[PDB]
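Form deposited in one PDB entry, single chain, as structure tokens, below.
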């Protein structure tokens, strides 16, 4: 009986279903797949990418950038929600092909640098090509590109380095406060007495409160279904989207129920 073969990270088909750019605000565009968010922000001094999706999405992202008039060398910065394979997947290839820099907090930087391996909960089950962060970000630090200011808000739990990003765009010149909040799920995590993450419960509980207080007129999430976006229906995509409060409340109720189940 030989040792088992390695298994690939397979995902639902809708995560891999390309879509054309969908405008979110004057400078902000969804350019990922129907079920994975990847936000392009276009400024007068270059573009910013927030998340990339799965590793095989690199070519799709570059195609959608080209549709927006963004050449590979116009991509200045890549920001991340968290460094799991389904959001940071293509970062290594994008850096090689664009010359962009990556900015991340220390926790995200170290997980990105090992390609998602030795994950606190998944081990080596979900890996991707490693990448190096070029700028280390602190909680509340402001990153500016072309006059648009992105503020980082640390929200540990789903990963130690999970981060929300806020910025103000316009909608026909009128200001709109966008919040790109990270996942608050704990998929199959051991929550209580986890030797690799002893303070996991306390971090999640603080993070629910962080998300509740974000300045936000429009909430988006790395998995669009988590904030009730439907990228497939085009102009009506944001009709049913949740507020920050409703997203945090829904996430905390699932968390408390999962914690009670684990206890029992």
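Residue numbers count along the first chain shown, from 1.
Keep in mind the form solved in complex with a small molecule is missing from the figure; the text below concerns it.
Within this chain, residue 223 lines the site of the small molecule in the deposited bound form, having a heavy atom no more than 4.5 Å away.
Not displayed here, the small molecule is kept clear of residue 153 by more than 4.5 Å at the level of heavy atoms in the deposited bound form. In the deposited bound form, the small molecule lies farther than 4.5 Å from every heavy atom of residue 93. The small molecule is not drawn, but in the deposited bound form it has a heavy atom within 4.5 Å of residue 185. Every member of the trio 86, 126 and 158 reaches the small molecule in the deposited bound form with some non-hydrogen atom inside 4.5 Å. With the partner left out here, the small molecule still marks one of 71-79, 144-152, 185-193, 165-173 in the deposited bound form; by a 4.5 Å heavy atom cut-off that stretch is 185-193.
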